[PDB]
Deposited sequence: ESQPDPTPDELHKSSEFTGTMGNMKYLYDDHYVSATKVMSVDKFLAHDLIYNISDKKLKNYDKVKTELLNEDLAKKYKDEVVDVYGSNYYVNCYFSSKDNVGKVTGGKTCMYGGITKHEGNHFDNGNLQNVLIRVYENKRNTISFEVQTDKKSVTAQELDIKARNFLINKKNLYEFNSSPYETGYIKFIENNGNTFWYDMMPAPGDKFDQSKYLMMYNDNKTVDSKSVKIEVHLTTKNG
């Protein structure tokens, strides 16, 4: 059922990442694609959906392509009126089956609009507990207007806060050696994401965000979230 917690040796170590940590920071620092009540208008590969979504802010795109884990998810949402929320990237963001107004890519991040909001039109708060070297140092709340929200949306909002409050990621590196965000559902299921970039000297944004392609959703009203970081070394 649930995924076992991280073994000590498998977690990505920032001390083993020689690339630019700023490239990771870019993915969660006041950075996200947001849309409400849209319906895909085209596809590239069998498991993706393309939406007409405009970048309100910087005006960097008007078309968004989101890849999903498989064809089945793609078909399920293809003609559905959905809401979108996720972290987009541009490096190696491919469109066109020949030749197929900026364009941007992402993974998962979709939820049906109908029946997914709170009756009193309010927002749901989700508690994030942060642990540094096994100690719960701080805890903060993030908000969502969805009853069933993608884990991606909650993760992004959590890291955006931590980037500012705890300098989770800086341009050169991170003050933390290890880090993972763990979700705990009210049915007992748990799963987590490694918050650090894979070892090497070149961060692959596309490859890292791919973990969100399962379009995993959780019940905002009952899910629990824990961020576990370590400075372990220095």
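Student: Which deposited-sequence positions, grouped into ranges, are missing C-alpha coordinates?
Tutor: Gaps in the modelled chain, taken against the deposited sequence, amount to a single one at 101-105.
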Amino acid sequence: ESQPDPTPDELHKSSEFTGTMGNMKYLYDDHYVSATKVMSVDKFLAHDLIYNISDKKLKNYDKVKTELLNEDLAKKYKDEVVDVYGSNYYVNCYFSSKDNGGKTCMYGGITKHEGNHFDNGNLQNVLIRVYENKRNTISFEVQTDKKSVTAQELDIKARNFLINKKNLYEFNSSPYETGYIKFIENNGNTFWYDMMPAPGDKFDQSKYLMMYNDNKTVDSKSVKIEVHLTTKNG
From here on, numbers count along this sequence of modelled residues.
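For the two forms, the rigid core is made up of the largest set of C-alpha atoms that agree within 1.5 Å on superposition.
Student: Quick one: with the core lined up, is it 126-134 or 102-110 that wanders further in 7 other deposited structures of this protein, going by C-alpha RMS?
Tutor: Of 126-134 and 102-110, the stretch deviating more in 7 other deposited structures of this protein is 102-110.
Student: Which segment is farther from the shown form on average in 7 other deposited structures of this protein after a rigid core fit, 152-160 or 117-125, going by CA atoms?
Tutor: Of the two stretches, the larger average C-alpha offset in 7 other deposited structures of this protein falls on 117-125.
Student: Between 114-122 and 85-93, point out the one with the higher average CA B-factor as the PDB entry records it.
Tutor: Stretch with the higher mean C-alpha B-factor: 114-122.
Student: Report the stretch with the higher mean CA temperature factor, choosing between 52-60 and 161-169 on the basis of the entry.
Tutor: That would be 52-60.
Student: Among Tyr176, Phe191, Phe203, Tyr26, single out the one with the highest C-alpha B factor in the record, please.
Tutor: That would be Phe203.
Student: Among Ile138, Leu127, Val149, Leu73, which carries the highest Cα B-factor?
Tutor: That would be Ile138.
Student: By its CA B factor, does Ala198 count among the lowest, middle or highest third of the modelled residues in the chain?
Tutor: As the PDB entry reports it, the C-alpha B-factor of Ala198 lands in the middle third of its chain.
Student: Mind checking which third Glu153 falls in for C-alpha B-factor across the chain?
Tutor: As the PDB entry reports it, the C-alpha B-factor of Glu153 lands in the lowest third of its chain.
Student: Looking at the entry's B-factor column for C-alpha atoms only, identify whether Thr144 ranks in the lowest, middle or highest third of its chain.
Tutor: For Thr144, whose C-alpha B-factor we compare with every modelled residue in the chain, the answer is the lowest third.
Student: Where does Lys43 sit by CA temperature factor within its chain: lowest, middle or highest third?
Tutor: Highest third of the chain for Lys43's C-alpha B-factor.
Student: Would you please rank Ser15 by its C-alpha temperature factor against the other modelled residues of its chain and give the third it falls in: lowest, middle or highest?
Tutor: Highest third, going by the recorded CA B-factors of the chain.
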